[PDB]
Each structure stands twice: as C-alpha cells, then as structure tokens.
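Data block for work_27.txt (compact mmCIF, C-alpha atoms):
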# COMPACT_ATOMS: atom_id res chain seq x y z
CA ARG A 24 15.02 7.50 -16.27
CA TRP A 25 14.82 7.61 -12.44
CA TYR A 26 11.06 7.21 -12.43
CA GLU A 27 11.03 4.20 -14.69
CA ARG A 28 13.83 2.75 -12.54
CA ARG A 29 11.83 3.21 -9.35
CA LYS A 30 8.64 1.68 -10.89
CA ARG A 31 10.72 -1.46 -11.55
CA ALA A 32 12.48 -1.51 -8.23
CA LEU A 33 9.00 -1.25 -6.65
CA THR A 34 7.46 -3.91 -8.96
CA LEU A 35 10.13 -6.53 -8.18
CA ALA A 36 10.03 -5.78 -4.41
CA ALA A 37 6.20 -6.10 -4.43
CA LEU A 38 6.57 -9.87 -4.99
CA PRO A 39 5.95 -11.87 -1.77
CA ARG A 40 7.78 -15.07 -2.76
CA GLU A 41 11.49 -15.20 -3.35
CA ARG A 42 11.39 -17.47 -6.39
CA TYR A 43 8.66 -18.89 -8.71
CA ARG A 44 8.42 -22.17 -10.72
CA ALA A 45 6.93 -20.64 -13.91
CA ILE A 46 6.42 -16.95 -14.83
CA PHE A 47 4.54 -15.79 -17.89
CA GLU A 48 3.74 -12.50 -19.53
CA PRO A 49 1.27 -11.78 -22.32
CA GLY A 50 3.81 -9.38 -23.85
CA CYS A 51 7.43 -9.35 -24.78
CA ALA A 52 7.79 -5.56 -25.26
CA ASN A 53 8.82 -4.87 -21.68
CA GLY A 54 12.41 -5.91 -22.08
CA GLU A 55 14.15 -4.98 -18.89
CA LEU A 56 11.46 -6.24 -16.54
CA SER A 57 11.76 -9.57 -18.38
CA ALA A 58 15.47 -9.58 -17.72
CA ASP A 59 14.76 -8.97 -14.01
CA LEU A 60 11.94 -11.53 -13.66
CA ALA A 61 14.21 -14.05 -15.28
CA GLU A 62 16.45 -14.02 -12.19
CA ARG A 63 13.37 -14.82 -9.98
CA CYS A 64 12.07 -18.04 -11.55
CA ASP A 65 12.98 -21.43 -12.94
CA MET A 66 11.11 -20.67 -16.17
CA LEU A 67 10.15 -17.46 -17.93
CA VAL A 68 7.90 -17.39 -20.94
CA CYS A 69 6.65 -14.43 -22.90
CA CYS A 70 4.12 -14.57 -25.73
CA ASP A 71 3.45 -11.66 -28.15
CA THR A 72 1.59 -10.96 -31.39
CA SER A 73 4.04 -8.43 -32.87
CA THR A 74 7.02 -10.10 -34.60
CA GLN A 75 9.38 -7.19 -33.70
CA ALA A 76 8.90 -7.59 -29.95
CA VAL A 77 9.37 -11.34 -30.29
CA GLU A 78 12.63 -10.90 -32.26
CA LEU A 79 13.89 -8.40 -29.68
CA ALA A 80 12.99 -10.53 -26.64
CA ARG A 81 14.75 -13.43 -28.41
CA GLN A 82 17.94 -11.33 -28.28
CA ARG A 83 17.60 -9.60 -24.92
CA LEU A 84 17.09 -13.16 -23.53
CA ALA A 85 20.01 -15.04 -25.07
CA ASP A 86 22.28 -15.62 -22.04
CA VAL A 87 19.15 -16.73 -20.14
CA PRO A 88 18.64 -20.38 -21.21
CA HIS A 89 15.50 -20.92 -19.06
CA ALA A 90 13.53 -18.11 -20.75
CA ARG A 91 11.42 -18.98 -23.79
CA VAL A 92 9.77 -16.59 -26.30
CA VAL A 93 6.59 -17.47 -28.19
CA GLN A 94 4.64 -15.70 -31.01
CA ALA A 95 0.87 -15.96 -31.54
CA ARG A 96 -1.49 -14.43 -34.14
CA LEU A 97 -4.20 -13.64 -31.49
CA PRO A 98 -3.81 -12.34 -27.89
CA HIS A 99 -6.11 -15.01 -26.40
CA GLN A 100 -3.98 -17.80 -27.96
CA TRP A 101 -1.64 -18.69 -25.11
CA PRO A 102 1.07 -21.36 -24.97
CA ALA A 103 0.70 -24.66 -23.06
CA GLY A 104 1.71 -24.48 -19.40
CA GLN A 105 0.62 -23.86 -15.85
CA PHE A 106 2.07 -20.70 -14.18
CA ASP A 107 2.45 -19.61 -10.57
CA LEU A 108 3.05 -15.99 -11.62
CA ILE A 109 1.33 -14.12 -14.52
CA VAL A 110 2.37 -10.50 -15.15
CA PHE A 111 0.34 -7.77 -16.87
CA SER A 112 2.22 -4.58 -17.84
CA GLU A 113 1.45 -2.98 -21.29
CA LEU A 114 -1.72 -1.03 -21.86
CA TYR A 117 -5.87 -4.40 -24.41
CA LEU A 118 -8.39 -2.17 -26.25
CA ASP A 119 -11.80 -2.52 -24.49
CA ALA A 120 -13.51 -4.38 -21.66
CA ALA A 121 -14.27 -7.59 -23.62
CA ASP A 122 -10.63 -8.07 -24.79
CA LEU A 123 -9.46 -7.51 -21.24
CA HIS A 124 -12.00 -10.04 -19.87
CA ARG A 125 -10.55 -12.66 -22.27
CA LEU A 126 -7.02 -12.14 -20.93
CA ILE A 127 -8.23 -12.47 -17.35
CA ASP A 128 -9.95 -15.63 -18.53
CA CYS A 129 -6.84 -17.17 -19.94
CA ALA A 130 -5.08 -15.93 -16.76
CA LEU A 131 -7.55 -17.74 -14.54
CA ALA A 132 -7.19 -21.03 -16.53
CA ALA A 133 -3.38 -21.02 -16.49
CA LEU A 134 -2.71 -19.99 -12.84
CA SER A 135 -1.30 -22.62 -10.50
CA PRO A 136 -3.51 -23.42 -7.39
CA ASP A 137 -1.36 -20.88 -5.55
CA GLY A 138 -0.80 -18.54 -8.46
CA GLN A 139 -0.22 -14.79 -8.11
CA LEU A 140 -1.04 -12.06 -10.58
CA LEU A 141 0.95 -8.81 -10.83
CA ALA A 142 -0.37 -5.84 -12.79
CA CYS A 143 1.57 -2.65 -13.49
CA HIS A 144 0.69 0.23 -15.80
CA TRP A 145 1.83 3.73 -16.47
CA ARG A 146 -1.17 6.02 -16.77
CA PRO A 147 -1.39 8.37 -19.71
CA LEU A 154 -10.00 2.06 -21.43
CA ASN A 155 -7.33 3.69 -19.20
CA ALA A 156 -4.91 2.19 -16.58
CA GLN A 157 -7.41 2.84 -13.73
CA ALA A 158 -10.23 0.88 -15.38
CA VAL A 159 -7.69 -1.84 -16.20
CA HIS A 160 -6.92 -2.41 -12.54
CA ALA A 161 -10.53 -1.98 -11.47
CA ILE A 162 -11.65 -4.68 -13.92
CA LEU A 163 -8.86 -6.97 -12.61
CA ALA A 164 -9.94 -6.21 -9.01
CA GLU A 165 -13.46 -7.23 -9.78
CA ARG A 166 -12.95 -10.36 -11.95
CA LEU A 167 -10.11 -12.29 -10.32
CA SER A 168 -11.69 -12.96 -6.88
CA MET A 169 -8.25 -13.26 -5.41
CA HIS A 170 -6.73 -11.59 -2.32
CA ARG A 171 -5.16 -8.23 -3.11
CA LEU A 172 -1.85 -8.53 -1.28
CA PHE A 173 -0.11 -5.44 -2.52
CA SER A 174 -1.47 -2.15 -3.79
CA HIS A 175 0.12 1.13 -4.72
CA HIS A 176 -1.66 3.68 -6.85
CA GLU A 177 0.02 6.93 -7.60
CA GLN A 178 -0.29 9.68 -10.08
CA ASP A 179 2.20 8.15 -12.55
CA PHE A 180 1.36 4.44 -12.25
CA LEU A 181 -0.68 1.69 -10.62
CA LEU A 182 0.68 -1.50 -9.11
CA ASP A 183 -1.22 -4.53 -7.69
CA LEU A 184 -0.64 -8.12 -6.63
CA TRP A 185 -3.36 -10.74 -6.39
CA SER A 186 -2.90 -14.15 -4.82
CA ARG A 187 -4.38 -17.48 -3.76
So, in terms of structure tokens, how does the structure I just supplied come out?
Amino acid sequence: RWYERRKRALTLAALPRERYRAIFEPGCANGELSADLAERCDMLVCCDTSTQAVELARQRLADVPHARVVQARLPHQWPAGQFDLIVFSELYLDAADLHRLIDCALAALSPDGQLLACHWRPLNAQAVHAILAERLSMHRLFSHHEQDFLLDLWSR
C-alpha cells in the first residue's frame, strides 16, 4: 500500500493554504482522503449518486461533526454552498459529462477557490487533466504527472 500512501501524502502536501472554509468533493468513495481533508477545513461535504458510498462515508465520518454527506440521483445535481476547495479524484464517462462537472465547479468556487485533481491512470486520466487545464482558466500552481498518477492544483 506504499504507493497509495505516497499519492495521499503528496496530495495533502500539494495544498498551498493551511486550512480552508469549505471543502467539497463530487464523490464519497475515496474514504481515507476524506478523513484527511476533514482535518484541513471548517466544513467538508461529499455528494455521491451511489447509496453504498454514501452509507460508508456516513460511517467513516462519524467522529467528524463538521463533515456532511449528501446523496443525489444525478452527478450535476450539487448541494447548496460556496466552496474554497473542490476536489476531483475518481475516474466521468465522456467529455460532455466532464464539462458539466467543471461547470458546476466553476459556479460553486469561492472568489479565491482552488481546485485539486488527482487520478490513478489505468476518456483516460490524461485527457481528464487536459480538459481541466483547458476549461478552468485558473493558474496551475502545482503539477506532478508520473507514470502511476496525475496531480494538479488550480487557483485564483
């Protein structure tokens, strides 16, 4: 598990700011990252379609009273809120779907919001990050692309 452990150590260290008001992830499946983000913000929220991931996140995130877990039928159906950090980690299914997430991301970002993107690579992870690069029109502050995974931070 060394590799997975390093990808997380690297992900959390990639963040410029020590703490964040509101963090949000369009996914609850990445359970240990969520744990670790929790200790870096005043408010964590994760939203997922799958009811299994939601139920799990609900447990993993019990002794963490400032986290909140939401379920939605559609991936472009986000909760209310304005977030200064949005995190993208689980490879959706083609360019249009991804554009819609970025759209929701753009609406919800605080005037100084950052966006963190991190994917293993088995549309692939390389196109995911290229599409991000091209659509967000934000400064790329951090960037590490290796054979196993890609990692990027955008800011304003």
> Which is closest to residue 111 of chain A among A:30, A:42, A:144, A:176, if we use only C-alpha atoms?
Replying inline: A:144
>> Applying 9 Å and all atoms listed in the file, which residues near residue 129 of chain A remain after dropping the ones on its own chain fewer than 4 positions away? List them as a list in words.
In response: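 The filter keeps residues 99, 100, 101, 124, 125, 133 and 134 of chain A.
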> Do you know which residues are at most 9 Å from residue 83 of chain A counting only C-alpha atoms, after dropping those on the same chain fewer than 5 positions away, and could you put them as a ChimeraX atom specification?
Replying inline: /A:54-55,57-58,78
> In Å to one decimal, how far is atom CA of residue 145 of chain A from atom CA of residue 85 of chain A?
Replying inline: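 Taking atom CA of residue 85 of chain A and atom CA of residue 145 of chain A, their separation equals 27.5 Å.
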>> Just to confirm, what's the straight-line distance from atom CA of residue 71 of chain A to atom CA of residue 173 of chain A in Å (one decimal)?
In response: 26.6 Å
> Which protein, DNA or RNA residues are at most 7 Å from (-9.5, 1.1, -17.6) in the file's coordinates when you count only C-alpha atoms, listed as number ranges by chain?
Replying inline: A: 154-161
> Of the candidates A:24, A:81, A:44, A:170, which shows the shortest atom-to-atom distance to residue 62 of chain A, using only C-alpha atoms?
Replying inline: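 Checking each candidate against residue 62 of chain A, we get A:44 as the closest.
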> Can you tell me how far atom CA of residue 110 of chain A sits from atom CA of residue 47 of chain A, in Å to one decimal?
Replying inline: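 Spanning atom CA of residue 110 of chain A to atom CA of residue 47 of chain A is a straight-line distance of 6.3 Å.
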>> Would you pick out the contacts of residue 68 of chain A at 9 Å or less, using all atoms listed in the file, so that residues sharing its chain but fewer than 2 positions from it are not included, and give the list as a PyMOL selection string?
In response: chain A and resi 45-49+51+66+70+89-93+102
>> For residue 27 of chain A, find every residue with an atom within 10 Å (counting all atoms listed in the file), except residues of its own chain fewer than 4 positions away, and show them as a list in words.
In response: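 Within the cut-off, the hits are residues 31, 32, 33, 145, 179 and 180 of chain A.
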Could you rebuild segment 133-146 of chain A with N, CA, C and O atoms and give me the result as an mmCIF file, in the coordinates of the input?
data_model
loop_
_atom_site.group_PDB
_atom_site.id
_atom_site.type_symbol
_atom_site.label_atom_id
_atom_site.label_comp_id
_atom_site.auth_asym_id
_atom_site.auth_seq_id
_atom_site.Cartn_x
_atom_site.Cartn_y
_atom_site.Cartn_z
ATOM 1 N N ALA A 133 -4.801 -20.662 -16.555
ATOM 2 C CA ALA A 133 -3.380 -21.020 -16.490
ATOM 3 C C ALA A 133 -2.703 -20.930 -15.123
ATOM 4 O O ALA A 133 -1.629 -21.521 -14.931
ATOM 5 N N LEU A 134 -3.303 -20.187 -14.189
ATOM 6 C CA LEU A 134 -2.710 -19.990 -12.840
ATOM 7 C C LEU A 134 -2.630 -21.270 -12.023
ATOM 8 O O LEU A 134 -3.617 -22.006 -11.925
ATOM 9 N N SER A 135 -1.460 -21.533 -11.444
ATOM 10 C CA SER A 135 -1.300 -22.620 -10.500
ATOM 11 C C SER A 135 -2.253 -22.439 -9.279
ATOM 12 O O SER A 135 -2.727 -21.321 -9.039
ATOM 13 N N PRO A 136 -2.554 -23.536 -8.520
ATOM 14 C CA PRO A 136 -3.510 -23.420 -7.390
ATOM 15 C C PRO A 136 -3.125 -22.387 -6.346
ATOM 16 O O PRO A 136 -3.939 -22.029 -5.507
ATOM 17 N N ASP A 137 -1.900 -21.892 -6.443
ATOM 18 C CA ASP A 137 -1.360 -20.880 -5.550
ATOM 19 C C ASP A 137 -0.773 -19.742 -6.388
ATOM 20 O O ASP A 137 0.202 -19.086 -6.007
ATOM 21 N N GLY A 138 -1.358 -19.519 -7.556
ATOM 22 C CA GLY A 138 -0.800 -18.540 -8.460
ATOM 23 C C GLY A 138 -0.981 -17.122 -7.957
ATOM 24 O O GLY A 138 -1.930 -16.829 -7.235
ATOM 25 N N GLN A 139 -0.064 -16.236 -8.342
ATOM 26 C CA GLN A 139 -0.220 -14.790 -8.110
ATOM 27 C C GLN A 139 -0.309 -14.038 -9.424
ATOM 28 O O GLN A 139 0.188 -14.510 -10.451
ATOM 29 N N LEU A 140 -0.968 -12.891 -9.404
ATOM 30 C CA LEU A 140 -1.040 -12.060 -10.580
ATOM 31 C C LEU A 140 -0.651 -10.619 -10.225
ATOM 32 O O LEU A 140 -1.231 -10.013 -9.320
ATOM 33 N N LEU A 141 0.329 -10.113 -10.974
ATOM 34 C CA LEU A 141 0.950 -8.810 -10.830
ATOM 35 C C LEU A 141 0.584 -7.963 -12.049
ATOM 36 O O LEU A 141 0.637 -8.422 -13.185
ATOM 37 N N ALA A 142 0.233 -6.711 -11.795
ATOM 38 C CA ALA A 142 -0.370 -5.840 -12.790
ATOM 39 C C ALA A 142 0.302 -4.516 -12.599
ATOM 40 O O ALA A 142 0.336 -4.017 -11.482
ATOM 41 N N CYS A 143 0.850 -3.933 -13.657
ATOM 42 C CA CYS A 143 1.570 -2.650 -13.490
ATOM 43 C C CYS A 143 1.532 -1.740 -14.710
ATOM 44 O O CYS A 143 2.100 -2.073 -15.734
ATOM 45 N N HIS A 144 0.881 -0.594 -14.615
ATOM 46 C CA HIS A 144 0.690 0.230 -15.800
ATOM 47 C C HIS A 144 1.031 1.681 -15.520
ATOM 48 O O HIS A 144 0.652 2.230 -14.499
ATOM 49 N N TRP A 145 1.782 2.290 -16.421
ATOM 50 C CA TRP A 145 1.830 3.730 -16.470
ATOM 51 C C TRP A 145 0.396 4.198 -16.695
ATOM 52 O O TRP A 145 -0.429 3.453 -17.190
ATOM 53 N N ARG A 146 0.094 5.437 -16.346
ATOM 54 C CA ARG A 146 -1.170 6.020 -16.770
ATOM 55 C C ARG A 146 -1.004 7.298 -17.581
ATOM 56 O O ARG A 146 -0.746 8.359 -17.041
#
